[PDB]
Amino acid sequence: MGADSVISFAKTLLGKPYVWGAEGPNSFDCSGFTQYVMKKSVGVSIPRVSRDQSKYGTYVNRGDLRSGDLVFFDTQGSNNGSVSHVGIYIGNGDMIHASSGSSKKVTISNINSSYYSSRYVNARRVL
């Protein structure tokens, strides 16, 4: 019911625009979205950037994801494997996130889709 608060608050922000460096209340980047949602719903403080949120809280295996877990991804091509994206797991593979893809807004995407699945890094439980 921590998780129910996180997810229902996050859904009120659906359609809000992506702006790099923003952390609410009107615009967001992917880690600014997760920070703002966690702080405003249930008063949980997480790190500002995706790579630091990826090192915070309880490690979760991808098969054990629960509503409210943070899910982390890298960037497609030649890289470090460095975490560059984060979403809030909802269930059925779905996450809510501030997508810098084509939609450039808070939206819902599936971590099992061809695009996200290969970029999946790790997950963290902060509730």
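When you see a residue number, it is the position in the sequence shown, counting from 1.
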| query | finding |
| --- | --- |
| Stretch exceeding the other in mean C-alpha B-factor - 94 to 102, 72 to 80 | 72 to 80 |
| Mean temperature factor over C-alpha atoms, higher-scoring stretch between 22 to 30 and 48 to 56 | 22 to 30 |
| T12 - which third its CA temperature factor falls in, relative to the rest of the chain | middle |
| Ranked against its chain, the third holding the CA B-factor of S109 | middle |
